[PDB]
Every structure is written in C-alpha cells, then in structure tokens.
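Visitor: Submitted below is the structure of interest, expressed as structure tokens.
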Amino acid sequence: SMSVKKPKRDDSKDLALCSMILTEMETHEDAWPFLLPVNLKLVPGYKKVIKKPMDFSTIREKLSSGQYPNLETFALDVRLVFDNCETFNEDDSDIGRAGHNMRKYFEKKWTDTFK
C-alpha cells in the first residue's frame with residue numbers, strides 16, 4: 001500500500017531471458033505450426049472462431065518493440081498461442097500434438113528460468 005513496499009524483485013534481465021526462451025521455442029522442431037500468423041484468408045473458420053490470434057513472430061515483434069510491460073504479459077501471449085491451437089485442432093493431429101509438446105516445453109523453461 002502507500003509507502004509500504006515488498007522487497008524489489010530484480011527484473012532487469014527479464015527482457016533478455018524472455019528473448020532466450022522465445023529463441024528456443026522458435027528453433028524447436030515442432031514450432032512450425034506457430035512460427036507465422038495463421039492465414040485468415042486461407043483457413044476457413046479461423047477468423048470467426050479465434051478471437052485473438054497469436055504466433056511466435058508476432059510475439060517476437062512485440063518483444064523487440066517494448067510492447068510487453070512485464071514478463072507475465074509475455075507468458076500470456078505464449079500460452080494464447082497454445083490455447084488457440086487447442087481450440088481449433090484435434091488432440092490427435094500433428095498440429096494438436098505439436099501444441100501440447102510446445103506448451104510443455106515452454107512451461108518447463110519458464111519455471112526453470114523464473115521460479
């Protein structure tokens with residue numbers, strides 16, 4: 001509250017560390033469904049159903065241009081990528097499986113880096 005603060009957690013490396021995690025996600029072999037925005041002209045259903053499209057290149061641009069105010073807003077967009085994937089894809093599809101794998105991969109790096 002006013003003039004009463006918890007001890008300052010060091011956040012000065014957060015930008016660099018989120019970039020490293022992102023790089024690791026970008027270079028994973030199962031990243032291919034997630035590298036670029038889904039083509040909303042060529043994928044029936046996507047525009048109407050997925051209210052907030054998200055992908056790694058878009059996260060990369062937002063990161064590089066100071067559009068994440070903190071590391072939690074970054075994590076929210078990453079998870080959005082996987083949440084969208086689950087909404088639109090059957091669990092037993094290559095893409096559906098990619099998404100489960102990438103989410104697992106992300107959450108471990110996240111925990112190991114920050115928790």
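The chains in the structure tokens are called A, B, ... from first to last as shown; in each chain the residues are counted from 1, and the ligands are counted from 1 in the order shown.
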Write out as a ChimeraX atom specification the residues lying within 12 Å of residue 91 in chain A, counting only C-alpha atoms and excluding same-chain residues fewer than 6 positions away.

Guide: /A:82-83,85,97-101

Visitor: Tell me, as a PyMOL selection string, which residues lie within 12 Å of residue 79 in chain A, counting only C-alpha atoms; anything in the same chain fewer than 2 positions away does not count.

Guide: chain A and resi 34+52-56+59+72-77+81-86+99-100+102-107+110

Visitor: In Å to one decimal, how far is CA of residue 68 in chain A from CA of residue 33 in chain A?

Guide: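 For CA of residue 33 in chain A relative to CA of residue 68 in chain A, the distance reads 23.0 Å.
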
Visitor: Write down as a ChimeraX atom specification the residues of chain A whose backbone DSSP state falls under helix (DSSP H, G or I).

Guide: /A:14-27,29-34,46-49,56-64,71-88,94-114

Visitor: Can you pull out the residues contacting residue 63 in chain A? Cut-off 12 Å, using only C-alpha atoms, and skip same-chain residues under 4 positions away; I want them as a ChimeraX atom specification.

Guide: /A:14-23,56-59,67-71,73-75,77-78

Visitor: Can those selected residues be exported to a file as a PDB file, in the first residue's frame so that it contains N, CA and C atoms?

Guide:
```pdb
ATOM      1  N   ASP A  14      14.898  -9.665 -17.353  1.00  0.00           N
ATOM      2  CA  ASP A  14      13.685 -10.351 -17.830  1.00  0.00           C
ATOM      3  C   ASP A  14      13.579 -10.317 -19.375  1.00  0.00           C
ATOM      4  N   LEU A  15      13.868  -9.163 -19.968  1.00  0.00           N
ATOM      5  CA  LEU A  15      13.801  -8.952 -21.419  1.00  0.00           C
ATOM      6  C   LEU A  15      14.700  -9.948 -22.168  1.00  0.00           C
ATOM      7  N   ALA A  16      15.941 -10.049 -21.738  1.00  0.00           N
ATOM      8  CA  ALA A  16      16.880 -10.971 -22.275  1.00  0.00           C
ATOM      9  C   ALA A  16      16.537 -12.402 -22.088  1.00  0.00           C
ATOM     10  N   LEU A  17      16.141 -12.759 -20.901  1.00  0.00           N
ATOM     11  CA  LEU A  17      15.706 -14.122 -20.663  1.00  0.00           C
ATOM     12  C   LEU A  17      14.398 -14.587 -21.461  1.00  0.00           C
ATOM     13  N   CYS A  18      13.386 -13.715 -21.528  1.00  0.00           N
ATOM     14  CA  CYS A  18      12.180 -13.976 -22.393  1.00  0.00           C
ATOM     15  C   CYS A  18      12.610 -14.170 -23.867  1.00  0.00           C
ATOM     16  N   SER A  19      13.531 -13.310 -24.353  1.00  0.00           N
ATOM     17  CA  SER A  19      14.143 -13.474 -25.718  1.00  0.00           C
ATOM     18  C   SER A  19      14.823 -14.828 -25.923  1.00  0.00           C
ATOM     19  N   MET A  20      15.542 -15.311 -24.903  1.00  0.00           N
ATOM     20  CA  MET A  20      16.182 -16.591 -24.998  1.00  0.00           C
ATOM     21  C   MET A  20      15.215 -17.731 -25.039  1.00  0.00           C
ATOM     22  N   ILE A  21      14.207 -17.686 -24.172  1.00  0.00           N
ATOM     23  CA  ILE A  21      13.154 -18.670 -24.175  1.00  0.00           C
ATOM     24  C   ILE A  21      12.440 -18.712 -25.567  1.00  0.00           C
ATOM     25  N   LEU A  22      12.135 -17.542 -26.100  1.00  0.00           N
ATOM     26  CA  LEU A  22      11.453 -17.380 -27.376  1.00  0.00           C
ATOM     27  C   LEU A  22      12.299 -18.017 -28.461  1.00  0.00           C
ATOM     28  N   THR A  23      13.623 -17.762 -28.429  1.00  0.00           N
ATOM     29  CA  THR A  23      14.567 -18.344 -29.415  1.00  0.00           C
ATOM     30  C   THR A  23      14.535 -19.836 -29.381  1.00  0.00           C
ATOM     31  N   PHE A  56       4.497 -16.904 -32.848  1.00  0.00           N
ATOM     32  CA  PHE A  56       5.805 -16.588 -32.341  1.00  0.00           C
ATOM     33  C   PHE A  56       6.399 -15.343 -33.001  1.00  0.00           C
ATOM     34  N   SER A  57       6.160 -15.115 -34.294  1.00  0.00           N
ATOM     35  CA  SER A  57       6.764 -13.953 -34.974  1.00  0.00           C
ATOM     36  C   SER A  57       6.164 -12.649 -34.440  1.00  0.00           C
ATOM     37  N   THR A  58       4.889 -12.679 -34.093  1.00  0.00           N
ATOM     38  CA  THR A  58       4.158 -11.565 -33.565  1.00  0.00           C
ATOM     39  C   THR A  58       4.635 -11.318 -32.134  1.00  0.00           C
ATOM     40  N   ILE A  59       4.876 -12.393 -31.383  1.00  0.00           N
ATOM     41  CA  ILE A  59       5.413 -12.229 -30.036  1.00  0.00           C
ATOM     42  C   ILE A  59       6.800 -11.638 -30.153  1.00  0.00           C
ATOM     43  N   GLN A  67       6.568  -3.786 -26.366  1.00  0.00           N
ATOM     44  CA  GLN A  67       5.102  -3.877 -26.139  1.00  0.00           C
ATOM     45  C   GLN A  67       4.664  -4.863 -25.014  1.00  0.00           C
ATOM     46  N   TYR A  68       5.616  -5.532 -24.377  1.00  0.00           N
ATOM     47  CA  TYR A  68       5.310  -6.289 -23.092  1.00  0.00           C
ATOM     48  C   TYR A  68       5.701  -5.458 -21.852  1.00  0.00           C
ATOM     49  N   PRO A  69       4.703  -5.063 -21.043  1.00  0.00           N
ATOM     50  CA  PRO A  69       5.077  -4.294 -19.871  1.00  0.00           C
ATOM     51  C   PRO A  69       5.808  -5.134 -18.835  1.00  0.00           C
ATOM     52  N   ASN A  70       5.589  -6.453 -18.782  1.00  0.00           N
ATOM     53  CA  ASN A  70       6.291  -7.249 -17.822  1.00  0.00           C
ATOM     54  C   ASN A  70       6.313  -8.724 -18.304  1.00  0.00           C
ATOM     55  N   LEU A  71       7.017  -9.561 -17.579  1.00  0.00           N
ATOM     56  CA  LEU A  71       7.174 -10.942 -18.050  1.00  0.00           C
ATOM     57  C   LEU A  71       5.826 -11.728 -18.045  1.00  0.00           C
ATOM     58  N   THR A  73       2.807 -10.592 -19.041  1.00  0.00           N
ATOM     59  CA  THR A  73       2.111 -10.313 -20.260  1.00  0.00           C
ATOM     60  C   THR A  73       2.762 -11.126 -21.376  1.00  0.00           C
ATOM     61  N   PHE A  74       4.092 -11.318 -21.324  1.00  0.00           N
ATOM     62  CA  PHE A  74       4.780 -12.167 -22.323  1.00  0.00           C
ATOM     63  C   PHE A  74       4.258 -13.602 -22.253  1.00  0.00           C
ATOM     64  N   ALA A  75       4.259 -14.170 -21.041  1.00  0.00           N
ATOM     65  CA  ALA A  75       3.759 -15.555 -20.812  1.00  0.00           C
ATOM     66  C   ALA A  75       2.290 -15.767 -21.272  1.00  0.00           C
ATOM     67  N   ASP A  77       0.746 -14.244 -23.785  1.00  0.00           N
ATOM     68  CA  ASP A  77       0.729 -14.376 -25.250  1.00  0.00           C
ATOM     69  C   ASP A  77       1.254 -15.725 -25.714  1.00  0.00           C
ATOM     70  N   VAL A  78       2.334 -16.219 -25.081  1.00  0.00           N
ATOM     71  CA  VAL A  78       2.839 -17.533 -25.417  1.00  0.00           C
ATOM     72  C   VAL A  78       1.702 -18.580 -25.180  1.00  0.00           C
TER      73      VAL A  78
END
```

Visitor: For the atom pair CA of residue 60 in chain A and CA of residue 8 in chain A, what is the interatomic distance in Å to one decimal place?

Guide: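 That distance, rounded to one decimal, is 27.1 Å.
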
Visitor: Just checking: using only C-alpha atoms, which residue out of A:109, A:115, A:45, A:4 ends up closest to residue 24 in chain A?

Guide: A:109

Visitor: I'd like to know which of A:30, A:40, A:50, A:7 is closest to residue 87 in chain A, using only C-alpha atoms.

Guide: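 Using only C-alpha atoms, the shortest distance to residue 87 in chain A belongs to A:50.
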
Visitor: Grab the CA of residue 31 in chain A to CA of residue 92 in chain A distance for me, in Å with one decimal place.

Guide: 16.8 Å
